[PDB]
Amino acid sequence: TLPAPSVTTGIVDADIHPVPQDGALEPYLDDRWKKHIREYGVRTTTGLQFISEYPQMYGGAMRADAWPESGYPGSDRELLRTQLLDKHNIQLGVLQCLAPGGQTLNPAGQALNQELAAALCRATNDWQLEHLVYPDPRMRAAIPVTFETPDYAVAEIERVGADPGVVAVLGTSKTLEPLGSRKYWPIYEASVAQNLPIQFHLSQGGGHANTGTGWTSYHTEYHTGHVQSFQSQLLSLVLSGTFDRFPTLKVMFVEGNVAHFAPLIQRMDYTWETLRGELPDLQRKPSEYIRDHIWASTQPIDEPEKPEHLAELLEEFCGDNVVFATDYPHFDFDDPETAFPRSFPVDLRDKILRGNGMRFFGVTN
């Protein structure tokens, strides 16, 4: 029986992207799904056979130094051990597998054939546990599930959610309905029953354009634009009363940035002062939900012009609910040694690196 995670001298890394080597998922995939992939690929919300609608720019958006002798960055578990876990003393490294093969962002849960999507989520969860987590329990799994077919996702959370190698449920930042919709409540119910928090990672797809007012053109628009989905999701999860129904549910927004949440929440409260009549069932003031329910990981770290502004904004969001991440092996990887500005308080940096993630994932020393 795998031991519980332990963070002592090291740090929490809430976002790591491993990749299965070619064929690594086949031992866990039913035969009916293999043939389907060979013929159809993993069809999703594009008209494209092999790539997503916004393919990465320079060098697949990966660190130039993170490529194994063969295979794609994140596909060599030795290189991940030495180049990431050993090199930064990561003692809880949370895996978020965004692709079933050598791609950078093509989520299993977003396959339009949702039976295929559940199968691929299943294989991914079996693979990451045998290949990565059990051989090196410094890593633990955020398990992808099919958020757009809650029956399948509840089944998967029941199948593997209690495994001590699993520390969270993994969803995507973009969805067909905003995440406070009742559609997803069975998933929140099943997660709470397994004592699992939920991580929503940056994604493309989802069923709508990547902004609420058209598809973006240039890279600066696409990448900056990822923040917007998370703003919309926070507003729905809070205002829908989801945390009234599920008062122990914890959710983390992963790689949506952090600082922008603070003015968003401030605007939310301010508007709610006038317009709260529309939502009379909501039991608390909107900003009061953040502390017990809404977490955010740090990468890619906000870089204000005046460095001081970072700690201020992180505290105005919630300093207890900010969790460190590297995003290894992506190109905008954050190094825990160098991500924080010089004047940053040590208390805040220490709990971002340890306590904050420990409490989110239910970890003790």
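Rigid core: the largest C-alpha set superposing within 1.5 Å between the two forms. Heads up: residue numbers just count along the shown sequence, starting at 1.
Chemist: With the rigid core as the fit anchor, does 134-142 or 76-84 show bigger C-alpha shifts in 4 other deposited structures of this protein?
Modeler: Result of the core-fitted comparison in 4 other deposited structures of this protein: 76-84 deviates more.
Chemist: Which segment is farther from the shown form on average in 4 other deposited structures of this protein after a rigid core fit, 93-101 or 148-156, going by CA atoms?
Modeler: Farther on average in 4 other deposited structures of this protein: 93-101.
Chemist: Check whether residue 109 has no coordinates in at least a third of the other compared PDB entries of this protein, counting only entries that model residues on both sides of it.
Modeler: Comparison shows residue 109 kept in all of the other entries.
Chemist: Among the other entries that model both neighbours of residue 68, does it go unmodelled in a third or more?
Modeler: Residue status for residue 68: gap in at least one third of the other entries.
Chemist: I need to verify one thing: averaged over C-alpha atoms only, is the B-factor higher for 126-134 or for 77-85?
Modeler: Higher of the two, by average CA B-factor, is 77-85.
Chemist: Per the record, averaged over C-alpha atoms, which has the higher B-factor: 254-262 or 96-104?
Modeler: Higher mean C-alpha B-factor in the PDB entry: 96-104.
Chemist: Please work out which residue in 317, 324, 328, 58 has the highest C-alpha B-factor recorded for this crystal structure.
Modeler: Within the set 317, 324, 328, 58, 58 shows the top C-alpha B-factor.
Chemist: Going by the deposited entry, which of 335, 312, 53, 302 has the highest CA temperature factor?
Modeler: It is 335.
Chemist: Please place residue 288 in the lowest, middle or highest third of its chain according to the CA B-factor in the PDB entry.
Modeler: According to the entry, residue 288 has a C-alpha B-factor in the chain's middle third.
Chemist: Quick one: classify residue 353 as lowest, middle or highest third of the chain based on its Cα B-factor.
Modeler: CA B-factor rank for residue 353: lowest third.
Chemist: Quick check for you: using the entry's CA B-factors within this chain, is residue 161 in the lowest, middle or highest third?
Modeler: Tercile = middle for this residue's CA B-factor.
Chemist: Where does the C-alpha B-factor of residue 110 rank in its chain, lowest, middle or highest third?
Modeler: Middle third - that is where residue 110 ends up once the chain's C-alpha B-factors are sorted.
Chemist: Within this chain, which third does the Cα B-factor at residue 219 fall in: lowest, middle or highest?
Modeler: Within its chain, residue 219 is a highest-third residue by C-alpha B-factor, going by the deposited values.
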